[PDB]
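Chains as they are written, first to last, in the numbering used here: chain A, 1 to 125; chain B, 126 to 225; chain C, 226 to 482; chain D, 483 to 601; chain E, 602 to 704.
In this text, a Cβ means the ideal position worked out from N, Cα and C, and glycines have one as well.
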Amino acid sequence: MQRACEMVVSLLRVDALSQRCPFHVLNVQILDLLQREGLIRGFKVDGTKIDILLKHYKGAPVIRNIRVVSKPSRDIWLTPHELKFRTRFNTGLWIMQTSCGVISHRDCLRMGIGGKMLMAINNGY
Amino acid sequence: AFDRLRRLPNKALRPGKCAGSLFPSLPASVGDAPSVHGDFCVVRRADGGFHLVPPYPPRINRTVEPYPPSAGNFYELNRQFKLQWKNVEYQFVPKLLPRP
Amino acid sequence: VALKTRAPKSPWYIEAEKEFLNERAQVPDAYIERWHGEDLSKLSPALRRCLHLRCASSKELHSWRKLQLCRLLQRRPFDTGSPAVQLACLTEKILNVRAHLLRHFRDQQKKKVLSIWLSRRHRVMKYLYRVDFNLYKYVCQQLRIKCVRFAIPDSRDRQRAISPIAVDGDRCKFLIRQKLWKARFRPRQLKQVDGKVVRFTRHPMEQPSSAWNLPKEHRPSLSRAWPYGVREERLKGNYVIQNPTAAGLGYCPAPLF
Amino acid sequence: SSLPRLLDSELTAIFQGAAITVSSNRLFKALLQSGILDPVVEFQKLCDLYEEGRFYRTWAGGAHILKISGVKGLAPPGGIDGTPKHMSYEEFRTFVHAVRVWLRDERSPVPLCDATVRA
Amino acid sequence: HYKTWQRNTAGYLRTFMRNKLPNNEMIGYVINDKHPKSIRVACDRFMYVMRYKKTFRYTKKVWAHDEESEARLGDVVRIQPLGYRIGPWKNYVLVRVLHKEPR
RNA sequence: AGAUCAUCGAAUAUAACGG
RNA sequence: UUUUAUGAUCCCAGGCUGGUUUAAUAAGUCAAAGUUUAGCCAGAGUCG
RNA sequence: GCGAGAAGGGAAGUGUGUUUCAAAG
């Protein structure tokens, strides 16, 4: 779980093209969801470290703000009816860790199952 | 701290529950069912009947001193209730409340 | 007013201290650097004396002891990283430093190094206990080391916690335990035959009995100590002690040096 | 068959000899020495039946805890003195009667204590 | 005591489920097996804090009863409550043993 | 019948059982 | 033999809970760590 | 014959209360 929070520092760079990241089982699954939304150009497992590319548009990067909700020292859980109040009138991306794999916040409400808020992408206050 | 006078909480006559039982025939929860009668008892009346009656002294709490200071001027403190029948006497005056 | 001074040394403490050095100075009839007779045959008789252990230095003498002990617990030739070999190698290193501290007492820099090795060896036993239980008991008997099991977390009380210093209780009889001197267990002042009054900061080191934390035969009974009686195994006197290195109530572990 | 009758007078010597109230530790050892119960009954045999019979509760043996501790003794151990119940003459008589038959019915063709059984 | 709105949050519900077991059962490891037919089971519980939104752990040592005396020190077992009081310390009954420590 | 944070008064800690 | 910093021994004081509406893209779906007003449970015995 | 403390704050800290279940005198 500790290695998951170490990906925000590397992926949050302006003047860079590719950054390394420690190899982890959970980290690989997270990158898949981000690529679908069009946030990561691509990634490759280089053995002990994973090389992840950075996407840019008109100079500025596609990622501008990263918020870590879940931490190794504690665990944030929200009911299906409570996640909607938290996440409303926004374009942000919340990573939800449900029993049936990992999915975004939009899919969590559709199934109505209780997920787990891991991190936030392109989120304001 | 040895032989120190302690204090215990008060407890009145617990009313029995309507939904009681006589004898639990192999109960299948993790507890004991309540009783209807509870503390109270049924005795034969004078006129050939059945009525409730206050049982023998219900656990007279001797640990706590009397509240009203003016109790000795109208009542004799330090009383004893003995049970005798012809030349037979039983030792049951100690009214101790055991742990749950 | 009493003066704080060091306590006198007990008569038995001095006698045991000299005996320990005598054993470490013993030189058996053997050879260093694995100088088997095959190669030694090419040398002259005069020259061969120099290669004997009697003419060897401390470094060579100490290294020879490790090889003999390693072979006793050697799984395969040229293999020293196994926990069995490391357990014996560390034991010889601790004694080597302890003997040096007796002759040299102004070397305060090495005092901290000894603690590191003592703690390091303790962790080795914990790992070896969970991976192999039968082997953990066999190695203790050969080295005469107090076997201790790790099945429950150790308590925070010092009167019943573990003590890495007294691990080798069988080999060392003067580093088992001592008395408390913190607030109420302090020693009372006394007057020597000197026209002066002095006080000892530390209590005298008494000689403990041989039956320290050992099984004994119990008598069946029913009282406060045994609400449900005494087990059959306890009567025979064969139960296994979980923490044999416990100092017991009203006692403290011995110092590092 | 033809179980012998235990005379009251005989039990008086055993009860007073082991010595109003007395502890249960000295009575258990004295019972076997007299040999009134007659394999040889072991010390643990009497202890096991004492707990299985629920005699501590019946006799109110736990009432002495509140005298020392008070309110702290009401709660369970985890939510404490553990001395045995000091049986008196009256109390001891009952126990002797109960244990005398518990050994005879252990090998009788027709059980007396518990004859029934649930499937 | 928890308020009405505090009984519907996911944090409190999750903690409740972990603590809650069939027949009010508990999980713990034995730490003392000296007295005959007696074993002290150390159970671990959980609680929720509505201020900092963090859950801690606190040990709960209790006494149990064993018939065959199969359990030994340092062996995780299962306990079941009872609606009475037997002995001075005995307050639980054994069902089974999950793990067994070598000797 | 099971489970079910303790707080204030500045503070001052190891106590009770058997050889 | 048993408790003991996850507070054992031990001194003083405080009895636990509910109460509908309640503005702000803090638009609460139960008023969001802790605020109350008809109310629930509960509160020893004695004429010697 | 039946009803009547309907005016009770004196006791208690791991207690009083709350919550989850159960109860064919």
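Straight through space, the alpha carbons of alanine 471/C and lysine 662/E are spaced by roughly 22 angstroms. Residues of the stretch 532-565 of chain D with a C-beta less than 9 angstroms from any C-beta of chain E: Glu533, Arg536, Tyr538, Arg539, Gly543, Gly544, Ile547, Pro558, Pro559, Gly560, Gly561, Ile562, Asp563, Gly564 and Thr565, listed in chain order. Note on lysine 691/E: 16 or more other CB atoms within 10 angstroms of its CB, so buried under the neighbour-count rule. Spanning the alpha carbons of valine 62/A and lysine 55/A requires a straight line of approximately 6 angstroms. Selection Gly394/C, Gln417/C and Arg427/C evaluated against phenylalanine 410/C yields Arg427/C as nearest (Cα-Cα). Look at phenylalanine 574/D: its C-beta is not under 8 angstroms from any C-beta on chain C. Interface annotation for the stretch 139-155 of chain B against chain E: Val155, criterion Cβ-Cβ distance under 7 angstroms.
Contact between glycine 675/E and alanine 376/C holds, with the beta-carbon distance rounding to 3 angstroms and staying under 8 angstroms.
Using a CB distance cut-off of 8 angstroms, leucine 177/B does not count as an interface residue toward chain D. For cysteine 295/C, the uninterrupted alpha helix (DSSP H) segment begins and ends at 283-297. Under the Cβ distance rule, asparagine 620/E does not count among the residues neighbouring chain B, no pair being separated by less than 8 angstroms. Taking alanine 4/A as reference, the option from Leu26/A, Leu53/A and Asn90/A with the minimal CA-CA separation is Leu26/A. In summary, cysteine 108/A is buried, with 16 or more beta-carbon neighbours lying within 10 Å of its beta-carbon over all protein chains present. For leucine 400/C, the closest alpha carbon among the candidates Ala255/C, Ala479/C, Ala313/C and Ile319/C is that of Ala479/C. For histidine 636/E, at least one C-beta of chain C is nearer than 8 angstroms to its own C-beta.
Ranked by Cα distance from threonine 230/C, the options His277/C, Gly394/C and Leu415/C are led by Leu415/C. In this structure, DSSP gives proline 149/B a state outside helix and strand, which the three-state scheme calls coil.
Runs of alpha helix (DSSP H) with 4 or more residues, each lying fully within the stretch 297-377 of chain C, are found at 308-328, 334-356 and 358-368, listed in chain order. Around the Cβ of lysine 567/D, a 10 Å sphere holds 16 or more other Cβ atoms; the residue is buried. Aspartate 490/D sits exposed, since fewer than 16 C-beta atoms from the chains shown fall within 10 Å of its C-beta. In summary, the residues of the stretch 499-526 of chain D whose CB is separated from some CB of chain C by less than 7 angstroms are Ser506, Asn507, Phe510, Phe525 and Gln526, in the order they occur in the chain.
The Cβ-Cβ distance between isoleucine 30/A and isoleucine 95/A falls below 8 angstroms. Bounds of the alpha helix (DSSP H) holding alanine 580/D are 571-586. Within chain D, no residue has its beta carbon less than 7 angstroms from that of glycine 629/E; the closest one is some 10 angstroms off. Among the residues facing chain D, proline 452/C is included, as its CB has a counterpart in that chain under 8 angstroms away.
Identification of chain E residues near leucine 78/A by a Cβ-Cβ cut-off of 8 angstroms yields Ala611, ordered along the chain. By DSSP's assignment, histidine 666/E forms a beta bridge with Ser639/E.
When DSSP states are grouped into helix, strand and coil, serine 104/A belongs to the strand group.
Comparing alpha-carbon positions, the option among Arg345/C, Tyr354/C and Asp382/C lying closest to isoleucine 390/C turns out to be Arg345/C.
Taking the beta carbon of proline 223/B as reference, the chain D residues within 7 angstroms of it are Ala542, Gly544 and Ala545, listed in sequence order. Neighbours of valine 663/E across chain D, judged by C-beta separation under 9 angstroms: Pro558, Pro559, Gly560 and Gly561. If you compare the alpha carbons of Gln209/B, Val189/B and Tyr215/B with that of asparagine 203/B, the shortest gap goes to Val189/B. By the 16-neighbour rule on beta-carbons within 10 angstroms, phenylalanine 303/C is exposed. By the Cβ criterion, the stretch 417-434 of chain C is not in contact with the stretch 444-462 of chain C, since fewer than three pairs of Cβ atoms, one from each stretch, lie closer than 8 angstroms. Looking at the backbone, the Cα of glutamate 626/E and that of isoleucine 632/E are separated by about 18 angstroms. A residue is called buried when at least 16 other Cβ atoms come within 10 angstroms of its Cβ; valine 392/C meets this threshold and is buried.
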